[PDB]
Amino acid sequence: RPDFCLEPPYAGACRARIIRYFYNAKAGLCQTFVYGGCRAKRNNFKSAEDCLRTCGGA
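Residues numbered from 1 in each chain as written, not as in the entry; some residues may be left out. Heavy atoms only, no water.

Enquirer: Help me out: how do you make sense of the environment of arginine 20 in this one?
Expert: In this fold, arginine 20 is placed in strand β1 (residues 18–24). Expressed as a C-alpha distance, the spacing of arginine 20 and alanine 48, which sit 28 residues apart in the sequence, is 8.6 Å. If sequence neighbours within four positions are ignored, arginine 20 has contacts with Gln31, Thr32, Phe33, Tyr35, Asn44, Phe45 and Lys46. A polar atom in the side chain of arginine 20 sits 2.9 Å from the side chain of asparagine 44. (Helix = DSSP H or I, 4+ residues; strand = E, 2+ residues; numbered from the N terminus. Contact = heavy atoms within 4.5 Å. Polar contact = N/O pair within 3.5 Å; in protein donor to acceptor, adjacent residues only side chain to side chain.)

Enquirer: Looking at this structure, I do not really get the pattern of salt bridges. What am I missing?
Expert: Where charged atoms of side chains with opposite charge meet at close range, the side chains can pair. Taken as a whole and judged by the stated rule, the model has one salt bridge. As a salt-bridge pair, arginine 53 and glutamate 49 come within 3.2 Å of each other at their nearest N and O atoms. Of the two residues, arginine 53 and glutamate 49 are both situated in helix α1 (residues 48–55); the distance of four residues between them amounts to about one turn of the helix. Its relative accessible area of 61% is what places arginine 53 among the exposed residues. Take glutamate 49: its relative accessible area is 54%, and that puts it in the exposed class. (Salt bridge = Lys/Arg side-chain N within 4 Å of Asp/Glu carboxyl O. Buried < 20%, exposed > 50% of the residue type's maximum accessible area, 1.4 Å probe, protein only.)

Any functional reading would require information beyond the geometric quantities listed.
Structural data, given as structure tokens:
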């Protein structure tokens, strides 16, 4: 997985409530979080599948 998959999830400052996925490297899977709609970082996916494809190995 790329290093960005190890970063904590980033809601950012905006006020939307958008459900996104992040890789939780301690748990080893992708979890949901609430994203605010601006300034997304890379550990922020629209689906579990995309999160796991990107971050589940290497």
